[PDB]
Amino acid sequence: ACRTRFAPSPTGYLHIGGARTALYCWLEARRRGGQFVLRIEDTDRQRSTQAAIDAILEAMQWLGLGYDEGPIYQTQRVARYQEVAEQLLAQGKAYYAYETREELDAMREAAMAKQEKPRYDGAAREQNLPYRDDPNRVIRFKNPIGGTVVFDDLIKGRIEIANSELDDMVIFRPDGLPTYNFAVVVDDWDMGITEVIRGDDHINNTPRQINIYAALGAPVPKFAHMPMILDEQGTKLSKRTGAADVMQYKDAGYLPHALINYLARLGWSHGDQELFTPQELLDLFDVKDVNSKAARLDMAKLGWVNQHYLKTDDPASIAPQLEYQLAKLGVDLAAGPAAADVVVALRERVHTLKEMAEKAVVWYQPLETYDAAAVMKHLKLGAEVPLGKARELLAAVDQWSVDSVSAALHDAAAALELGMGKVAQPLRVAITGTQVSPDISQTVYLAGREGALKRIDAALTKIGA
C-alpha cells in the first residue's frame, strides 16, 4: 500500500512547516486508503518531555491529522538499532574504527587544505575486530567506493550524487544509540515506508540512506523533497528563528481547516483554486505537484480564508470553537446565548474567534458599565418613550427570536411615528452600553428575553433620575 510517516525531532511543539509536512504525508496516505504513521525521536530524555510531545500530539489532534500507527517511540527501538548494526557488522558491510576527535580534526585539516570536502578516509575499513574501551569506538557503514546513487525525487526529479564525496558514515555511537541516518533507514524499513516526504535539507542524506537500504536488502522508498517555508518578511522559517507554533493559531482563534487550507496552498496549487474542502484536498492533492520554489507566509491571506470559513461554515461547526475562546475569558456560558447564534451575528464583523468572543462577552455577563458618550443618547427624556415602547412589545409571542424581535421593534417604531433609527439607537446603548453592536434585532435578541427586559428597565430607571 501507500505508507508515509511524520517523524519530528521533538522541540517544544509542532512547528507550522512540520504541520504542512504532516498534512502532505497524511493526504498521500488517505488518498489511496493507505496508512500514515507517526514516530517520535525521544532519544534525548530532556527536550522530549511529556508536555513537549503532547504539544505535538494535541497540535496534530486539533488540525485533524490522525495516524493509523503510533506514536511509536525511538526509546522503544534502541536495541533494534543495536541489532541491525551488529547484523551489518557480521555481514562485513560495516566496520569499527577508533580515531580520536583530535585524529579526526587532523583529517578535516588535511582534507580542506587540498580544496577537497572533508571525508573520513577508509583507514579502518578493512581490519580490527575492535571493541572495548576507547570511547571513540564508532561503527561505520561501508559506503560503496565508486559509481553513483540516483533517485527520482517526486518534486525535484532525478538527483544523481557520486559515491566519491560520500564517506563511510558513523551508524552507531559509543553511547549505545544510532546516528540519525541509520535510524531513519532502520525505521522506514521496519515500518514499511513507501514514500518519504521531507524538507530539502535532507536531500544530501538521501543517497547515504539509499546505500544503507541497498546493503540491507530492503525496498528503497520514493522520496519527495520540498523547499521549506519562508518567513513572512523573507527569512527562512525554522525552530531557532521565532517560529509560528500551530497551537498559537488555535488561541489566535483561526479555524483549524482554514489553516490546513492555508498550509496546503503554501507550495502547492490547482490552477486558480484557493479554497478546498477536506474532500477537494483528498481528490486533487498530489505530492508530485508541489512547487519547486519555496512558498512564503502571508498572514493577510490566512485572515481572509479564515473569514470565508467563519462566514460560510455551519455555525454549529464553529459553536464549540467559539466556546473555547469564550471560556478563556472567564465566561459562564450556560447563562448566555448559544454560540452558534453569536456566530451568525458576528461572523461578518470579525476576522478571528478571539475577536468574536471579545466582542460577544457583553451578551454573556451583566451590564456593569456604560460608555459615557453613548449615554448622551438618553440625553433627551425622549429616549424614555421609545425604550418604554420597545419594552412593551419585546414582551413578544413565546417565540423570542431574531425576526420575532425585529417585528416587535418595527411595531414599536410605528406606534411612535418614528424611524427605526430612533427606537434602535438608545436600545443599543441599553443592552450594550455602547454605540456599537450588530443590527439591533440581532443584539436585542442575543441578550435573551429576560436579559433585554432587565437591561431596558435598567436604562429606564437611570433616565428617571
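We number the residues from 1 along the sequence you see.
Higher mean CA B-factor, judged across 112-120 and 348-356 from the recorded values: 112-120. Per-stretch averaging of Cα B factors for 328-336 and 192-200 places 328-336 on top. Note on the listed residues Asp105, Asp341, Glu280, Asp168: the highest Cα temperature factor in the record is that of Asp105. The PDB entry assigns the greatest CA B-factor among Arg208, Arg158, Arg137, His225 to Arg158. Ranked within its chain, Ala52 lands in the highest third, by CA B factor from the PDB record. Looking at the C-alpha B-factors along this chain, the one for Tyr370 belongs to the lowest third. Ranked by Cα temperature factor within the chain, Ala218 sits in the middle third according to the deposited record. When the modelled residues of the chain are ordered by their C-alpha B factor, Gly176 lands in the middle third. In this PDB entry, the Cα temperature factor of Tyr262 sits in the bottom third of its chain's modelled residues, the lowest group.
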